[PDB]
Amino acid sequence: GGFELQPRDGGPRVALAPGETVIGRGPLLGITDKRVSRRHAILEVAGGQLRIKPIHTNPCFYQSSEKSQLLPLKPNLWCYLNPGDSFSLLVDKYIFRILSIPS
Amino acid sequence: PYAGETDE
């Protein structure tokens, strides 16, 4: 199964290629705030699973599908993301929901 | 719009 990102701000969906994808400041996600690194985190799609690893001093945030608050992620650790979960590159901004393919 | 060093 594959994966795509759904911006919570109503931006168009972003498909994720198999393997690793660097996310952060850049055209892929349309992020311009300079508090987000151009190499802010890694997303890996492999064997039907998505995991995220924050790789910058400025953190990533995590919110599981059945929870209601963006929690800061442990730096440089992998976290598996299920369909319905969300992650973000700022605590209140640049939030993305995980969708599976097929859905 | 996407270039420039990151801020901490």
# chains A, B, ... in the order shown; residues from 1 in each chain; ligands from 1

call {"tool": "closest_atom_pairs", "arguments": {"of": "chain A", "to": "chain B", "cutoff": "9 Å", "atoms": "only C-alpha atoms", "output": "Markdown table"}}
result
| residue | atom | partner | partner_atom | distance |
| --- | --- | --- | --- | --- |
| A:25 | CA | B:2 | CA | 6.2 |
| A:26 | CA | B:2 | CA | 5.2 |
| A:27 | CA | B:2 | CA | 7.2 |
| A:30 | CA | B:2 | CA | 8.4 |
| A:31 | CA | B:2 | CA | 7.4 |
| A:32 | CA | B:2 | CA | 5.5 |
| A:33 | CA | B:2 | CA | 8.5 |
| A:34 | CA | B:6 | CA | 5.1 |
| A:35 | CA | B:7 | CA | 4.9 |
| A:36 | CA | B:6 | CA | 6.6 |
| A:37 | CA | B:6 | CA | 5.3 |
| A:38 | CA | B:6 | CA | 7.4 |
| A:57 | CA | B:8 | CA | 7.5 |
| A:58 | CA | B:8 | CA | 6.8 |

call {"tool": "write_last_selection", "arguments": {"atoms": "N, CA, C and O atoms", "output": "compact mmCIF listing (two decimals), in the first residue's frame"}}
result
# COMPACT_ATOMS: atom_id res chain seq x y z
N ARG A 25 11.10 22.87 4.20
CA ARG A 25 11.00 24.08 3.40
C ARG A 25 11.35 23.77 1.95
O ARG A 25 12.42 23.23 1.66
N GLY A 26 10.44 24.09 1.03
CA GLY A 26 10.60 23.77 -0.36
C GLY A 26 9.28 23.65 -1.09
O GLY A 26 8.20 23.70 -0.48
N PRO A 27 9.33 23.48 -2.41
CA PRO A 27 8.09 23.50 -3.20
C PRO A 27 7.20 22.28 -3.00
O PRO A 27 5.99 22.38 -3.24
N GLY A 30 5.23 23.37 -0.20
CA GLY A 30 4.92 24.78 -0.24
C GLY A 30 5.23 25.52 1.04
O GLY A 30 4.55 26.49 1.37
N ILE A 31 6.25 25.07 1.77
CA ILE A 31 6.59 25.65 3.06
C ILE A 31 7.68 26.70 2.86
O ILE A 31 8.70 26.44 2.22
N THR A 32 7.45 27.90 3.40
CA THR A 32 8.39 29.01 3.27
C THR A 32 8.93 29.53 4.59
O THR A 32 9.98 30.18 4.59
N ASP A 33 8.25 29.28 5.71
CA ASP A 33 8.72 29.77 6.99
C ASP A 33 10.14 29.28 7.26
O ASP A 33 10.42 28.08 7.20
N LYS A 34 11.04 30.21 7.56
CA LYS A 34 12.45 29.89 7.72
C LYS A 34 12.75 29.17 9.03
O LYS A 34 13.91 28.78 9.25
N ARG A 35 11.76 28.99 9.90
CA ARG A 35 11.94 28.11 11.06
C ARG A 35 11.90 26.64 10.68
O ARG A 35 12.32 25.79 11.47
N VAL A 36 11.39 26.32 9.49
CA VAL A 36 11.39 24.95 8.98
C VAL A 36 12.63 24.77 8.12
O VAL A 36 12.87 25.54 7.18
N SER A 37 13.42 23.75 8.43
CA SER A 37 14.61 23.45 7.65
C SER A 37 14.23 22.91 6.28
O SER A 37 13.17 22.30 6.09
N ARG A 38 15.10 23.15 5.30
CA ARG A 38 14.96 22.50 4.01
C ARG A 38 15.12 20.99 4.14
O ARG A 38 14.66 20.25 3.27
N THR A 57 17.10 20.44 14.56
CA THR A 57 16.93 20.97 15.91
C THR A 57 15.48 21.38 16.15
O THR A 57 14.89 21.03 17.17
N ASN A 58 14.91 22.14 15.23
CA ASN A 58 13.50 22.49 15.33
C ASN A 58 12.66 21.24 15.12
O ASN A 58 12.86 20.52 14.13

call {"tool": "residues_around", "arguments": {"residues": "residue 91 in chain A", "least_positions_apart": "4", "cutoff": "10 Å", "atoms": "only C-alpha atoms", "output": "count of residues only"}}
result
10

call {"tool": "atom_distance", "arguments": {"atom1": "CA of residue 40 in chain A", "atom2": "CA of residue 102 in chain A"}}
result
27.3 Å

call {"tool": "residues_around", "arguments": {"residues": "range 15-19 of chain A", "least_positions_apart": "6", "cutoff": "10 Å", "atoms": "only C-alpha atoms", "output": "PyMOL selection string"}}
result
chain A and resi 1-6+28+42-48+50+99+101

call {"tool": "atom_distance", "arguments": {"atom1": "CA of residue 21 in chain A", "atom2": "CA of residue 68 in chain A"}}
result
26.3 Å

call {"tool": "residues_around", "arguments": {"residues": "range 77-83 of chain A", "least_positions_apart": "5", "cutoff": "6 Å", "atoms": "only C-alpha atoms", "output": "mmCIF file with N, CA and C atoms, in the first residue's frame"}}
result
data_model
loop_
_atom_site.group_PDB
_atom_site.id
_atom_site.type_symbol
_atom_site.label_atom_id
_atom_site.label_comp_id
_atom_site.auth_asym_id
_atom_site.auth_seq_id
_atom_site.Cartn_x
_atom_site.Cartn_y
_atom_site.Cartn_z
ATOM 1 N N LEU A 50 4.572 3.700 6.682
ATOM 2 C CA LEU A 50 5.179 5.022 6.664
ATOM 3 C C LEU A 50 5.732 5.330 8.047
ATOM 4 N N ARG A 51 6.981 5.784 8.099
ATOM 5 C CA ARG A 51 7.572 6.278 9.332
ATOM 6 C C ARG A 51 8.247 7.615 9.064
ATOM 7 N N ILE A 52 8.334 8.432 10.109
ATOM 8 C CA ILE A 52 8.889 9.778 10.025
ATOM 9 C C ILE A 52 10.019 9.894 11.037
ATOM 10 N N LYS A 53 11.079 10.599 10.658
ATOM 11 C CA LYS A 53 12.221 10.836 11.540
ATOM 12 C C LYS A 53 12.552 12.322 11.545
ATOM 13 N N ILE A 98 -2.269 11.730 7.324
ATOM 14 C CA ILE A 98 -1.804 10.572 6.568
ATOM 15 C C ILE A 98 -3.004 9.854 5.964
ATOM 16 N N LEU A 99 -2.971 9.657 4.649
ATOM 17 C CA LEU A 99 -3.945 8.835 3.946
ATOM 18 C C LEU A 99 -3.229 7.667 3.282
ATOM 19 N N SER A 100 -3.887 6.515 3.250
ATOM 20 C CA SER A 100 -3.335 5.328 2.617
ATOM 21 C C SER A 100 -3.868 5.176 1.197
#
